[PDB]
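S.K.:
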Amino acid sequence: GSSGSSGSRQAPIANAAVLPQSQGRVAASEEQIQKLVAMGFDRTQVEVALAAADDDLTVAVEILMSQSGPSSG
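In the numbering used here, the protein residues as written are 9 to 81.
#1: If you draw a straight line from the C-alpha of residue 80 to the C-alpha of residue 24, how long is it?
#2: Can you list, in chain order, the stretches of the alpha helix (DSSP H) that have 4 or more residues and sit fully within the region 24 to 65?
#3: Could you say if the region 13 to 20 and the region 43 to 63 meet the contact criterion of at least three C-beta pairs nearer than 8 Å?
#4: What separation, rounded to the nearest whole angstrom, lies between the Cα atoms of residue 39 and residue 26?
#5: Below 8 Å between beta carbons: does that hold for residue 72 and residue 35?
#6: Leaving out five residues on either side along the sequence, give the residues of the same chain with a beta carbon under 7 Å from the beta carbon of residue 45.
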């Protein structure tokens, strides 16, 4: 028959880079750390991400999920 399904477009692929120094203000919220920590993340990881995320959760989560990559760092 027909399998249908035919769409999907414009998706946020790859993480967004962030230059050091300068950009360093409050943002990370406890609610988030918990929303992440609750999921099974580490406060630190949440913060670190939340940072690069720019106070973003939907993004941070992605970072938390795919934080440790195939590299030492």
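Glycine included, C-beta positions come from ideal geometry on N, C-alpha and C.
M.R.: Taking the structure as given:
#1: On the sequence shown, residue 80 is found 72 positions in, with the first residue counted as 1. On the sequence shown, residue 24 is found 16 positions in, with the first residue counted as 1. Rounded to whole angstroms, residue 80 to residue 24 spans 19 Å at the Cα level.
#2: 38 to 45 and 51 to 61
#3: no
#4: Against the sequence shown, residue 39 aligns to sequence position 31. Against the sequence shown, residue 26 aligns to sequence position 18. Between residue 39 and residue 26, the C-alpha separation is close to 23 Å.
#5: As a working note, residue 72 is residue 64 in the sequence shown. As a working note, residue 35 is residue 27 in the sequence shown. No. Outside cutoff.
#6: Residue mapping note: residue 45 aligns to position 37 of the sequence shown, counting from 1. So the list reads 51 and 54, once near-sequence residues are dropped.
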